[PDB]
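First portion of the complex, with coordinates as positioned in the assembly:
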Amino acid sequence: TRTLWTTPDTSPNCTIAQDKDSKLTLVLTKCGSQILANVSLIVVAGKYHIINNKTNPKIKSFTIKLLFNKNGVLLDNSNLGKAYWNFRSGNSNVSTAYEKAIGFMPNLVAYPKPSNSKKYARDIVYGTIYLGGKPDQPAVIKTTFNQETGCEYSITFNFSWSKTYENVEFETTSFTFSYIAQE
């Protein structure tokens, strides 16, 4: 079982500001010691669905958190819903919730939890995606590994933008990255 994913449909699966306000599409493919990751976001309703920074000058970022336990199982305080995250079966998920996915977790030696030791930047990957596929509508996607509390592992996606957008729907192009696997 080599791919954990959200199913690539458009059905809301994620809660940023209000219940099921978004569809996160995330595909994690195990290539041995690295996980190959592909992500995009469609916000379907609520506060982040249409950005207007004339109306709301300070609405410039938000975060989606995936929190995992010692067995790599998604925790319910995650923004992504548990029902929607599983190993691939065809164009869907297997019908039964998985019990172990440690091989897909971000490596804790590469990406340690917060402590009193010096924090290094290598637990971050920066990328840029484009709202509505327009090259003049960039938004930064910052991905951080294992920096959340209340979990053994975490992947967080912070979305932010510096431009003053006026009535721009928040739905994105796709971005690929990788990270070092725990096992």
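That came through, no problem. Numbers count the residues shown, from 1 in each chain, chains lettered A, B, ... in the order given.

Report the beta-bridge partners for the residue nearest to the spatial centre of chain A.
Residue closest to the average C-alpha location in chain A (CA atoms, centre = their mean): residue A:157, at 4.5 Å. Residue A:157 has the following beta-bridge partners by DSSP bridges: residue A:64, residue A:143.

check contacts around it.
When contacts are counted by CB atoms under 8 Å, 6 or more residues apart in numbering, residue A:157 touches A:24, A:39, A:41, A:63-65, A:141-143. Any C-beta I mention is one placed from the backbone N, CA and C, and that applies to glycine too.

Neighbours of residue A:28, how many?
Close neighbours of residue A:28, defined as other CB atoms under 10 Å, add up to 25.

Now that it has come up, it's in contact with residue A:2, right?
No: Residue A:28 is beyond contact range of residue A:2, at 9.5 Å (criterion: CB atoms under 8 Å).

Any figure for the gap between residue A:177 and residue A:60?
22 Å (CB to CB, to the nearest Å).

Check residue A:174 too.
22 Å.

wait, what's in contact with the nearest residue to residue A:5 once chain neighbours are set aside?
Among residues not flanking residue A:5 along the chain, residue A:27 sits closest, at 4.5 Å (CB to CB, 6 or more residues apart in numbering). By CB under 8 Å, 6+ apart, the residues touching residue A:27 are A:3-6, A:8, A:37-39.

from the residues you listed, which would you call buried?
Buried subset of these (neighbour count, 16 or more other CB atoms under 10 Å): A:4-6, A:37, A:39.

which residues in chain A form strands?
Per DSSP state E, chain A carries strands over the ranges A:3-5, A:22-31, A:34-43, A:50-52, A:61-68, A:86-89, A:92-93, A:124-130, A:138-145, A:153-160, A:166-169, A:175-180.

Turn those strands into JSON lines, columns for distance to residue A:109.
Formatted as JSON lines, these follow (distance: least, CB to CB, whole Å):
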{"stretch": "strand A:3-5", "distance to residue A:109": "21"}
{"stretch": "strand A:22-31", "distance to residue A:109": "18"}
{"stretch": "strand A:34-43", "distance to residue A:109": "14"}
{"stretch": "strand A:50-52", "distance to residue A:109": "38"}
{"stretch": "strand A:61-68", "distance to residue A:109": "16"}
{"stretch": "strand A:86-89", "distance to residue A:109": "25"}
{"stretch": "strand A:92-93", "distance to residue A:109": "30"}
{"stretch": "strand A:124-130", "distance to residue A:109": "16"}
{"stretch": "strand A:138-145", "distance to residue A:109": "11"}
{"stretch": "strand A:153-160", "distance to residue A:109": "12"}
{"stretch": "strand A:166-169", "distance to residue A:109": "40"}
{"stretch": "strand A:175-180", "distance to residue A:109": "8"}
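
Also, this goes in as chain B:
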Amino acid sequence: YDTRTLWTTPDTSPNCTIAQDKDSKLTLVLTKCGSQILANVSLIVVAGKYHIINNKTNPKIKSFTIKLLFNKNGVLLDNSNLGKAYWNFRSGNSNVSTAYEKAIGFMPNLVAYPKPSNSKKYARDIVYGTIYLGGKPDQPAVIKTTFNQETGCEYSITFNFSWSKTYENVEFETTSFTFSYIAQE
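One more chain to add, chain B, which I have set with the ones above:
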């Protein structure tokens, strides 16, 4: 499919037609890593309209498009910009001795990236990258890759190259870019 590589071969022999016949070498390597295809791409334009860019004399020459069209079996169609002759599964630094029949597991996922319809068109079927002409850090061009948006095909991968700098007699040959996409199977 499992873990194979579909590619253009890594030589520099023109295999592609943008403005005139065989004016370019598209180097494209698609490697299957389960439910994702790891893609690596670069371009050398060797002749014709897009070979030497001068936006002082020709300010409107700012973009061009290379289309790969596929049938239900993932076989490349003759009318793509990329020639069929050397697009095949890898064997050594060349290709297998049979033109391939089946590569559906190298195709862009149709649920992820639907064909045009009157349903809402979402941006996730696009990946943006930036490559550099001549390997110079001050000569960016944008490579926009779009999945399954062409007609007359079951699947498609389309590369649009564009630039906003005013280049003066700059040869369009590029650094390499890597992306991935969700596989059909």
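
Please re-evaluate the neighbour count of residue A:28 in the presence of chain B.
Residue A:28 has 27 neighbours, counted by other CB atoms under 10 Å in any protein chain shown.

tell me the contacts of it?
Contact partners of residue A:28, counting by CB atoms under 8 Å, 6 or more residues apart in numbering or on different chains, are A:3-5, A:35-37, A:104.

So which bits of stretch A:6-17 are buried?
Judged by neighbour count using 16 or more other CB atoms under 10 Å in any protein chain shown, the buried positions of stretch A:6-17 are A:6-8, A:10, A:12-16.

which of these are close to chain B?
Filtering the buried residues of stretch A:6-17 for proximity to chain B by CB under 8 Å from any CB of the partner chain leaves A:7-8, A:10.

which among those gets closest to chain B?
residue A:8 (3.7 Å; CB to the nearest CB).

Enumerate every residue touching that closest one.
A:25, A:27, A:91, B:109, B:111-112, B:182.

Show only the entries of the ones next to chain B among the buried residues of stretch A:6-17 found in helices.
Per DSSP state H, helices hold no members of these.

May I ask you to confirm that residue A:36 is in contact with residue A:29?
Yes: with contact defined as CB under 8 Å, residue A:36 reaches residue A:29; the gap is 4.5 Å.

More neighbours: which of the two?
Neighbour totals were compared for residue A:36 and residue A:29, and residue A:29 leads with 25 against 21 (other CB under 10 Å).

I'd like the distance between that one and chain B.
Plainly put, residue A:29 is 5 Å away from chain B if you go by CB to the nearest CB, to the nearest Å.

right, and that residue touches residue A:87 too?
No: if you go by CB under 8 Å, residue A:29 and residue A:87 don't touch, sitting 11.0 Å apart.

roughly how far apart are the nearest residue to residue A:32 once chain neighbours are set aside and chain B?
Spatial nearest neighbour of residue A:32, excluding adjacent residues (CB to CB, 6 or more residues apart in numbering or on different chains): residue A:181 at 7.4 Å. For residue A:181, the distance to chain B equals 13 Å [CB to the nearest CB].

Same question for residue A:120.
24 Å.

Append chain C to the structure above:
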Amino acid sequence: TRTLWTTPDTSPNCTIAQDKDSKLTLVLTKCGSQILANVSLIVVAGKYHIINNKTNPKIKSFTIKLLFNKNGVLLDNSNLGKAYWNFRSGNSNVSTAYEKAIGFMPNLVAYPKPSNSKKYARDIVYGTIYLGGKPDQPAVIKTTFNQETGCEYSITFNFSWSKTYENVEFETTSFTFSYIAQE
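Chain C now in position relative to the chains above:
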């Protein structure tokens, strides 16, 4: 044998300006005829540790070279130490030094040695990483394949920056790329 790496610890393994002044974290994972590569750099000491271009306007770039022989073994004139460059075992290396790694080497037809033939740019990958994980502290990472001499293969990482940084520590976010393997 699918992963050649530096280990994910933070122990210095690399000499930029002085002995073991840095940790290059480099993970090469063989996904058939493409190598999936993940890299970051922490500078701990020396000339490139704390960048101050008010004080030292000329300090704008440096290079880290990995040079390989015909069997894909790291030559000791590389900036990276041979001591911990090996195939993966857990969060560590295999017990004995590897003797063949040609399947991890950059392809010589794709990325030829310098010659009289026209030099093409496809043997370069550009990326941007962020010092200290700050989005306003970019530095460019330029990776070049097989352009060094006195070797069968090479991978070189050039780091440079255009901003006038005042007391900014050179430690980076992570970047992923790929390249065509020799076999």
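
Same as before for the contacts of residue A:8, with chain C this time.
So residue A:8 contacts A:25, A:27, A:91, B:109, B:111-112, B:182 (CB under 8 Å, 6+ apart).

What of residue A:138?
So residue A:138 contacts A:128-131, A:161, A:163 (CB under 8 Å, 6+ apart).

Which of the contacts of residue A:8 sits closest to chain C?
residue A:27 (14.8 Å).

which parts of stretch A:93-108 are buried?
So for stretch A:93-108, counting by 16+ other CB under 10 Å, buried means A:93, A:98, A:101-108.

Now cross-check the residues you listed against chain C and list the overlap.
Subset of the buried residues of stretch A:93-108 in contact with chain C: residue A:107, counting by CB under 8 Å from any CB.

Around chain C, pick out the residues from chain A.
Contacts of chain A with chain C, taken as CB under 8 Å from any CB, map to A:31-34, A:36, A:107, A:109-110, A:120-126, A:140, A:142, A:176-180.

Which of these are buried, as a ChimeraX select command?
Entered in ChimeraX, the line below selects the buried ones among the residues of chain A next to chain C, by 16+ other CB under 10 Å:
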select /A:31,32,33,34,36,107,110,120,121,122,123,124,125,126,142,176,177,178,179,180
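
count of residues packed around the nearest residue to residue A:13 once chain neighbours are set aside?
Spatial nearest neighbour of residue A:13, chain neighbours left out: residue A:84 (3.8 Å); criterion: CB to CB, 6+ apart. Using other CB under 10 Å, residue A:84 has 20 neighbouring residues.

got the contact list for residue A:84?
Contact partners of residue A:84, counting by CB under 8 Å, 6+ apart, are A:6-7, A:11, A:13-14, A:93.

surely residue A:177 meets residue C:173?
No: Residue A:177 lies out of contact with residue C:173 (CB under 8 Å); the separation is 10.6 Å.

what residues are shared contacts of these two?
In contact with both residue A:177 and residue C:173: residue A:125, using CB under 8 Å, 6+ apart.

Quick check: the two most widely separated of the contacts of residue A:84?
Using CB to CB, these span at most 15.1 Å, a distance reached by A:14 and A:93.
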